[PDB]
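> Please see the structure below; I have some questions.
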Amino acid sequence: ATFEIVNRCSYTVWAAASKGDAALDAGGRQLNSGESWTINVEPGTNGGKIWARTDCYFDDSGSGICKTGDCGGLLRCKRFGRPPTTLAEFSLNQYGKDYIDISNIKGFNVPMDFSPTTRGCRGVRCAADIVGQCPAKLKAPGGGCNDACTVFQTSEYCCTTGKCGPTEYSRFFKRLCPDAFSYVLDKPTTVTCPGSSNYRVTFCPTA
């Protein structure tokens, strides 16, 4: 499956793609404002994620640091990134179907649209100005908006026991971005696509 990853932000981002225990494709790449990077993701990829990282410095061997989304200091990511990170999430070819969603469960750093480029489903979008409207206690000093679990580490926010509900903090994400997951047990906003669809992830889809 191809994913075209487009940076429409006015700033540079460093796209990352991983399934948690491995990179997808090269796993990571700098995208200047306007650049596109097409990756190939193996069919049957389960629990893949794509995200953006901001304000990064990498040396010549590709080691360094990112203010948001850092995945162990590597340009080419092999694991998931450090919150806050808006996440494009997908599982491909799962009993004949693809599943996609956007999640705010690990916070928000960059607005995002996640759409199929092939026929038969709709895309999802989380493009509101969450960083600017973020509640004080969630503001990440390093940039972006943390989820409450990251900030407070309680069972209620992290949904450890499997029984949590919505909270003042999850309701903020959900009000700004109704079509993204705002906490673990949020009413699903996952989109079912035909198996083997292709996709585009766009950072800053709106002016």
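Only the coordinates and a few stated rules stand behind these numbers; no lab work does.
> Would you list, by chain and number, the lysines whose Cα falls below 21 Å from the Cα of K106, excluding same-chain residues fewer than 8 positions away?
In chain and number order, the partners are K19, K49, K67, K78, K137, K139, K163, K174, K187.
> When the helix-only estimate is applied to the chain (DSSP H runs of n ≥ 4, each -39,500 (n - 2.57), divided by the residue count), what is the mean residue ellipticity at 222 nm, nearest 500 deg cm²/dmol?
Calculated at 222 nm, the ellipticity per residue is -2000 deg cm²/dmol.
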